Amino acid sequence: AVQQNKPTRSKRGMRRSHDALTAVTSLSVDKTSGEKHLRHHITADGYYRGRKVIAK
Amino acid sequence: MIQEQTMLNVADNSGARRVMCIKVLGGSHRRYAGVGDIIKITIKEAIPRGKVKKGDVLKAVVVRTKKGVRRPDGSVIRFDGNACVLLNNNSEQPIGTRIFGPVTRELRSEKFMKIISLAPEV
Amino acid sequence: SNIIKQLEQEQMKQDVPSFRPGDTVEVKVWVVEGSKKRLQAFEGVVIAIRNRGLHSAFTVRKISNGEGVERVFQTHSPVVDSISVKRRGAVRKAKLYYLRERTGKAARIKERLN
Amino acid sequence: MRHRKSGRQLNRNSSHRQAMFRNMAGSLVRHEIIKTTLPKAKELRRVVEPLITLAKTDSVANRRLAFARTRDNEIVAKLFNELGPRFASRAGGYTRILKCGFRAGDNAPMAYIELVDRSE
Amino acid sequence: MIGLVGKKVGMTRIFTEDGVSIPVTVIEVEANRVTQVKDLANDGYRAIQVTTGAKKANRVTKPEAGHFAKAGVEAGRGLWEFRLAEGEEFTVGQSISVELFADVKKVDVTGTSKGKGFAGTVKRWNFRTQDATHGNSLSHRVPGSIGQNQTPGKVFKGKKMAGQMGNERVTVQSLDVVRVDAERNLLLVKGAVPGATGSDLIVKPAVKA
RNA sequence: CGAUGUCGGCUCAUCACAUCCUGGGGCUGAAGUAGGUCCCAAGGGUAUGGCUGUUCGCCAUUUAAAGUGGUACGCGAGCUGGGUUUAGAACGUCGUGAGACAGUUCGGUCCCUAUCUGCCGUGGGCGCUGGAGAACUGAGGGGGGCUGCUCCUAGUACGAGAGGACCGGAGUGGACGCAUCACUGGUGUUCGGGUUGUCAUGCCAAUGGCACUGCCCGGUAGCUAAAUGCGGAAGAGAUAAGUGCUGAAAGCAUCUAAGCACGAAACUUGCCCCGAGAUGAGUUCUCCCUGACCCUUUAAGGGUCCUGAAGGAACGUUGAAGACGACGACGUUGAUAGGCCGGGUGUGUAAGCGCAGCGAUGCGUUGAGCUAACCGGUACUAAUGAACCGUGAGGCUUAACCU
RNA sequence: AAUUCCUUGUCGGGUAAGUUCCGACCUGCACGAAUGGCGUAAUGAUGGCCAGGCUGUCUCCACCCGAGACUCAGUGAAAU
RNA sequence: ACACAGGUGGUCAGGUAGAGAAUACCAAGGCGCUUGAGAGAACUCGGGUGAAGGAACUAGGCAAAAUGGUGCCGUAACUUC
RNA sequence: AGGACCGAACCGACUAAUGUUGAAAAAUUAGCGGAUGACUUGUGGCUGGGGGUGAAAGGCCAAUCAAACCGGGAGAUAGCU
């Protein structure tokens with residue numbers, strides 16, 4: 001239930017070798033507004049696939 | 001699906017009225033008795049001047065079960081109450097002369113032929 | 001499942017009579033005793049019907065000279081030779097399992113007549 | 001192990017889900033576009049769209065049948081008076097989900113679920 | 001002999017004439033068509049590689065399409081391979097039908113079983129549950145002990161513990177083939193075979209006597 | 001002794017063989033059946049209960065048999081806590097007494113979120129020497145091996161009779177394991193209905209909330225077992241004990257020294273599964289990439305421009321796949337999910353209206369209405385054009401061909 | 001026998017089977033008369049045993065509903 | 001020690017059902033408990049249901065299940081009546 | 001009438017499960033006992049360390065009890081670690 005020798009910083013980084021974040025990896029450009037957004041999501045201005053939606 | 005500790009009714013007129021199963025015979029760690037399977041029973045109740053008295057230990061064959069039997073077409077036949085006929089202990093072929101209630105076509109064998117010579121249905 | 005639907009309806013018998021639970025039914029059944037092939041009769045109240053096409057069953061409950069018997073029948077089996085409706089019966093449910101607890105005058109089903 | 005079961009549980013019991021979709025269906029009928037989580041949108045389709053198809057056939061039994069579900073009388077006025085004759089030829093597909101990012105409070109994948117006309 | 005690749009259509013029953021229901025599994029076996037023949041002089045073993053079904057044109061890749069194009073055959077949904085039995089002979093592009101089982105009398109059916117996910121040892125290994133009461137403290141379905149003491153001081157290999165049950169290749173042997181229907185491309189075997197409905201099966205003749 | 005928890009029960013094993021069963025065999029004071037005893041054999045199998053804290057034991061009833069041991073008298077960071085052995089109390093007995101007795105009796109707190117090894121699963125990286133998509137051979141590893149009874153051979157062989165076979169074959173069980181959901185069922189708080197109390201929707205009617213799903217009655221799909229299918233094998237090889245054949249040393253005899261044949265559930269295969277990280281990194285098929293130009297401490301060296309393939313990954317709709325990754329299907333030239341349409345199934349003849357009744361209610365329209373995960377269809381909704389990763393012919397030596 | 005070592009005494013009852021339980025015997029190791037003896041209706045979250053009912057206790061577990069466990073975002077320990 | 005599931009005396013006490021200050025649902029009034037979003041594995045906790053059997057479990061029916069109201073009928077041994 | 005009966009508040013604490021680096025240095029949940037009395041409770045007062053108080057357990061006397069806590073003798077002494 002508890003460790004018996006203090007683990008090293010080696011083993012610590014080895015465990016964290018997988019904790020890395022993946023980048024976005026490329027975010028797509030709107031058809032009409034020409035601005036960037038996550039794919040399959042609406043843009044900050046509220047367009048999606050070149051048509052106007054929300055408009056708040 | 002009769003196991004140890006199970007109180008069965010009695011279908012013949014041997015004198016017993018209510019028996020308890022104490023082993024399911026026929027194999028090692030065998031769990032259940034069933035359609036026409038032999039058990040060993042003890043007699044928990046009797047009528048006052050029957051052939052078998054209370055606390056005797058003898059064999060019986062299960063003739064009806066609440067769980068029921070399955071036919072080869074998928075049809076089941078459940079009864080309402082488990083019942084046995086008390087066979088003789090050493091050389092079988094049972095004690096009683098009448099048999100009450102129906103029985104099933106799965107006592108159609110050599111020995112239990114006697115049981116289905118009696119037994120008003122099936 | 002057009003394969004299975006096509007393949008099962010090649011086996012469904014055509015002349016199954018219309019019955020519903022509550023009905024007293026005589027069912028004639030092929031019983032084989034060695035070489036002779038007898039046909040015996042099992043009459044009782046339909047307490048349950050499962051409709052699944054070929055896999056359609058129905059449970060008939062008789063009180064046979066003593067205690068009560070429930071035969072479940074596969075409707076489209078070749079064993080089940082005849083179904084005939086004796087007394088049409090008027091109940092309110094679809095599965096009449098309460099009748100397992102009733103005998104005699106309590107287990108008494110009114111007649112439907114319409 | 002779940003095999004072929006349908007319906008999200010949404011970390012609620014059955015009565016809180018039922019109540020929650022009753023409110024949220026009421027809000028989508030009322031405002032025609034609401035922002036919710038993406039799973040709550042995806043379940044809101046299976047609650048909301050049957051009310052529209054019930055509304056496509058106006059009768060006293062369907063008004064009462066859509067007032068047992070939904071439990072609000074303004075809502076069963078807009079269904080049967082506005083939305084039911086609005087769709088009326090649209091066979092399913094009364095509502096669209098538009099994914100719209102993440103919350104700030106708990107990083108939940110939001111989505112705007114809206115009715116499929118909103119031509120106004 | 002060789003086998004054929006099917007698809008589990010589901011289960012039904014077959015009422016016999018004397019009134020015995022037989023639980024059958026329906027296996028649609030379309031035209032398995034040979035895409036490659038393998039000889040000792042090039043591969044070290046005699047075996048045929050068959051395909052079956054049909055795949056979308058845009059979903060088959062260029063390696064795969066070039067393989068089926070060499071074979072002179074329509075792309076199927078997969079490639080399988082059957083070892084040959086020393087006097088058998090097949091050509092590439094030859095179609096093989098369920099008619100092959102018109103004599104066989106008993107088959108073995110190989111599929112992937114239904115995946116039950118991470119299963120505990122009561123489901124997985126039929127361990128027996130400890131007391132449900134009588135004092136028992138948080139250990140009802142748990143596996144008990146897992147080994148001995150200082151001697152060995154290790155858990156042995158292949159100790160039955162909990163983990164992924166299901167979703168693996170299983171072969172059911174010696175199933176009675178009830179019908180071969182060359183018209184509808186069907187094989188009715190008696191019993192349950194592995195897999196959910198629509199899963200790919202592999203039906204060979206029975207190797208047992 | 002700056003703590004190595006100590007009986008018994010449970011769960012879970014695992015090895016030994018000095019073998020309980022099954023298998024082979026020699027001797028018998030072995031007629032047969034059943035035995036006794038000894039050799040070989042560890043594949044698999046090897047009870048349920050009464051009493052007792054008990055291991056043990058006795059008893060009851062089974063069974064082919066209910067093996068003997070090791071594993072901290074296996075197993076308390078897996079469970080229990082009945083016994084022993086804290087503190088209370090009492091009996092018998094001992095002591096003047098405090099108290100004491102492995103004498104008895106009643107009552108009496110069992111913690112730990114796993115770092116490392118191990119183990120069960122499941123992935124990411126890199127390697128395998130151009131990249132990629134598949135199919136494989138198979139080194140090696142694991143699973144599986146239990147067995148009763150009935151019938152025939154044959155009431156033959158044997159025996160005075162009673163009784164009663166070897167060898168061989170057919171059937172059908174028990175226990176165990178794998179799969180599955182067609183059947184029989186269980187569940188089915190996501191479907192339908194009945195009903196009690198109360199609150200609300202203005203009210204009647206109808207509904208809804210809350211009361212364990214309020215209590216119930218049924219029940220789809222899925223999951224499931226008590227359900228239903230299948231399995232343990234035949235065969236081959238090399239043998240153990242054992243039995244021999246020919247045959248000397250030892251002109252006989254002798255199964256062994258040369259040579260040869262049998263011989264068992266053990267052994268190697270046969271059956272099922274994993275399996276190229278098998279760094280010894282294998283094979284086969286297919287697909288893709290056929291540009292220029294500088295610099296130097298001229299190397300399988302570095303850089304710039306142009307190109308970006310096969311394919312993968314991401315994203316999305318998701319799945320009888322799933323802890324998460326992974327795996328599978330589909331992304332509009334599209335049935336992947338939702339909705340919709342038709343069917344099925346389940347419930348059981350809705351609401352409104354009409355009629356009968358003083359009324360509760362009943363009847364007609366009406367097997368009505370509503371129907372979840374099911375089945376068959378349907379682009380109505382959502383699966384976006386793209387971007388991202390991956391390159392540009394793949395080292396050296398030697399050999400055989402360049403027909 | 002809350003007392004009995006030998007001891008699971010012996011006989012009887014209950015049980016298919018009862019080291020416990022009830023009745024009895026008395027060879028009381030080592031009861032016994034206000035450190036009270038023996039009875040005792042009622043009472044007891046008292047000790048022991050039996051039976052009816054009832055049941056997932058169990059045979060032998062199965063499914064479902066919820067809260068964690070698992071994944072994501074935020075905060076962020078501990079023994080050792 | 002905490003913005004701690006604990007402790008803390010008195011006073012007021014509506015409706016319907018109910019014997020009731022129990023209990024259920026409500027009024028006045030006050031709250032939704034200062035981490036959320038998913039998924040729907042094992043396992044743990046709190047619960048629901050369960051075929052046939054029905055204490056075989058076990059140290060021991062522990063736990064669970066069951067019983068459960070009002071009126072009327074009826075009610076044994078024993079007893080200090 | 002009753003150290004009467006059933007049963008809430010109120011006082012308690014018999015069983016089980018959870019909790020056991022707790023929500024809590026003794027609780028929660030489901031059952032459980034008493035509930036007009038030798039009851040229970042508020043506010044104040046009194047008893048003090050070989051002393052109190054004790055329907056007696058070596059219990060309680062500020063989370064401390066086979067002799068409280070604080071300060072001092074005091075750097076007690078320690079053939080022991």
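In the block above lies the structure referred to throughout.
Report on the accompanying structure.

Before going further, it helps to spend a moment on the overall build of chain E. When you go through chain E residue by residue, the secondary structure sums to 3 helices and 14 strands. For a compact globule of 209 residues, the expected C-alpha radius of gyration is about 17 Å, and chain E comes in at 23 Å, more than 25% above that figure. When its C-alpha atoms are laid out on the principal axes, chain E stretches across 70 × 50 × 40 Å. For chain E, the proportion of its 209 residues judged to be buried stands at 37%. As displayed, chain E offers around 12,500 Å² of accessible surface, 49% of which is attributable to carbon and sulfur atoms. Across chain E, the mean location of the 31 positive side-chain charges is 12 Å away from that of the 21 negative side-chain charges.

A cluster of basic residues, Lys6(A), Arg9(A), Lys11(A), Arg12(A), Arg15(A) and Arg16(A), forms a positive patch at the surface. When you line up the elements, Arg12(A) lands in helix α1 (residues 9-15).

Our next topic: the pairing of strand β1 (residues 7-10) of chain B. Residues and elements named next belong to chain B. Sheet topology note: the β1/strand β2 (residues 16-24) ladder contains 3 bridges and is antiparallel. Paired with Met7 across the two strands is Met20, which belongs to β2. Between the end of β1 and the start of β2, which pair antiparallel, lie 5 residues, with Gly15 showing a positive phi angle near 125°. As judged from the 2 bridges shared by β1 and strand β7 (residues 83-85), these two strands associate in the parallel manner.

This brings us to the arrangement of the chains. Among the 5 pairs of chains that make contact, the interface with the largest number of contacts is formed by chains B and C. Spatially, chain A and chain B are disjoint, and the shortest separation between their C-alpha atoms is 41 Å.

Let us now look at the pattern of salt bridges. Applying the stated criterion to the full structure yields 32 salt bridges over all chains. Close ionic contact of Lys36(C) with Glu33(C) constitutes a salt bridge, the shortest N to O distance being 3.8 Å. Given the relative accessible area of 24%, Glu33(C) is considered partly exposed. Here the salt bridges do not stand alone but share partners, grouping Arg78(B), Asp80(B), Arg61(C), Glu70(C) and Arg100(C) into one network.

Membership of the largest hydrophobic core comes to 29 residues, with the highest contact counts inside it found for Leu44(D), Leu79(D), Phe80(D), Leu83(D), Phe87(D) and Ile113(D). Among the secondary structure elements, those contributing two or more residues to this core are α1 (14-31), α2 (38-55), α4 (75-81), α5 (83-87) and β3 (109-115) of chain D. The biggest single contributor to this core is α2(D), with 8 residues. In this structure, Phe80(D) is in contact with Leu54(D), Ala55(D), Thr57(D), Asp58(D), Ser59(D), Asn62(D), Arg63(D), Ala66(D) and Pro85(D), ignoring residues within four places of it in sequence. Core analysis: the next-biggest nonpolar cluster, separate from the first, contains 26 residues, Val5(E), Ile48(E), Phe90(E) and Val177(E) among them.

Basis of the calculations
Residues numbered from 1 in each chain as written, not as in the entry; some residues may be left out. Chains lettered and ligands numbered in written order. Part of a larger assembly, values for the part shown. Heavy atoms only, no water. Residues with missing side-chain atoms left out of burial classes, pairs and counts. Helix = DSSP H or I, 4+ residues; strand = E, 2+ residues; numbered from the N terminus. Rg over C-alpha atoms; globule rule 2.2 N^0.38 Å. Buried < 20%, exposed > 50% of the residue type's maximum accessible area, 1.4 Å probe, protein only. Areas by Shrake-Rupley, 256 points an atom, 1.4 Å probe, with all protein chains shown as cover. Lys, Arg positive; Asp, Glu negative; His and termini not counted. Charge placed at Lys NZ, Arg CZ, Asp CG, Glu CD. Patch = residues over 30% accessible without salt bridge, like charges linked within 9 Å, V, L, I, M, F, W, Y side chains within 5 Å. Salt bridge = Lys/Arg side-chain N within 4 Å of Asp/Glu carboxyl O. Pairing = 2+ DSSP bridges. Contact = heavy atoms within 4.5 Å. Core = buried A, V, L, I, M, F, W, Y, C linked by side-chain atoms within 4.5 Å.

That's the geometry; what it means functionally is another story.
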